[PDB]
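J.: My questions will all concern the structure given below.
Protein chains in written order, with the deposited numbering: chain A, 1 to 217; chain C, 2 to 8.
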């Protein structure tokens with residue numbers, strides 16, 4: 001019968017669009033997740049904390065060593081830890097069916113990821129979590145266990161399966177976790193829109209809204 | 002308070 005907790009849900013279409021992102025430089029490798037959508041990769045801005053890394057993108061449909069990331073057109077969601085990267089024409093695109101929306105206080109979320117195997121990928125899903133908005137920011141708190149490496153993993157509503165955000169932050173001592181929410185009309189405004197792209201974008205933490213957080217970088 | 006990118 002109907003009960004407190006939601007029943008079985010299919011997260012596989014989300015998992016099919018999750019990518020591994022490696023930004024490699026002399027003496028440092030940034031390893032995060034991303035979300036593919038058409039010719040676009042959606043990632044954290046902090047993937048590009050370090051300039052001029054060689055970017056490798058692993059997907060269910062191939063592995064793409066795009067090399068120097070500074071040549072790529074990018075579109076930041078200004079004020080929050082999300083960036084959209086446009087791939088070259090020779091990068092085979094993802095489908096364009098995922099739904100994105102802002103979270104609400106009705107939502108609970110599961111983290112979704114992917115494992116890469118020889119002939120296939122497999123889907124991974126976490127326990128569901130309550131969420132709490134961090135005032136004057138795009139950050140929402142969640143309680144799902146994460147390791148360094150899991151930034152960029154989608155947080156998915158168990159109400160309607162929409163992607164609400166991607167993992168971003170952890171507290172430096174108490175282990176609290178935070179994801180960054182997608183804005184309203186994200187696909188229409190950032191993906192479908194022909195304008196607003198550039199190659200000369202550089203990461204600046206000061207351009208993200210922090211509210212009462214102090215970022216330790 | 003004090004936070005870091007999880008990367």
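Note that the Cβ used here is the ideal one computed from N, Cα and C, for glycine as well.
From what residue to what residue does the beta strand (DSSP E) around residue 25 of chain A run?
T.: 18-25
J.: Given a limit of 9 Å on CB to CB distance, which residues of the segment 147-165 of chain A reach chain C?
T.: 147, 148, 149, 150, 151 and 152
J.: Report yes or no: do the segment 142-161 of chain A and the segment 173-187 of chain A share at least 3 C-beta pairs separated by less than 8 Å?
T.: The segment 173-187 of chain A and the segment 142-161 of chain A touch, with three or more beta-carbon pairs separated by less than 8 Å.
J.: What are the start and end residues of each continuous beta strand (DSSP E) run of 3 or more residues lying completely inside the segment 32-115 of chain A, in chain order?
T.: 40-43, 54-59, 62-68, 74-76 and 83-86
J.: Quick check on residue 145 of chain A: does DSSP put it in helix, strand or coil?
T.: coil
J.: Measure the alpha-carbon distance for residue 158 of chain A versus residue 4 of chain A and round it to whole angstroms.
T.: 12 Å
J.: Comparing alpha-carbon positions, which option in A:21, A:195 and A:28 lies nearest residue 62 of chain A?
T.: Residue A:21 is the option with its Cα nearest to residue 62 of chain A.
J.: Kindly indicate if chain C contains any beta-carbon less than 9 Å away from that of residue 49 of chain A.
T.: Yes, its Cβ sits closer than 9 Å to a Cβ of chain C.
J.: Under 8 Å: do the segment 19-35 of chain A and the segment 55-71 of chain A share three or more Cβ pairs, one atom per stretch?
T.: yes
J.: Could you tell me whether the segment 32-44 of chain A touches the segment 13-20 of chain A, using the rule of 3 or more Cβ pairs below 8 Å?
T.: yes
J.: Report the neighbours of residue 168 of chain A on chain C: residues whose CB is nearer than 8 Å to its CB, in chain order.
T.: 6 and 7
J.: Cα separation between residue 210 of chain A and residue 73 of chain A?
T.: 26 Å
J.: Tell me the rounded alpha-carbon separation between residue 194 of chain A and residue 2 of chain A.
T.: 45 Å
J.: Residues of chain C with CB closer than 9 Å to the CB of residue 181 of chain A, please, in chain order.
T.: Near residue 181 of chain A there are no residues of chain C at all, since even the closest Cβ is about 16 Å away, more than 9 Å.
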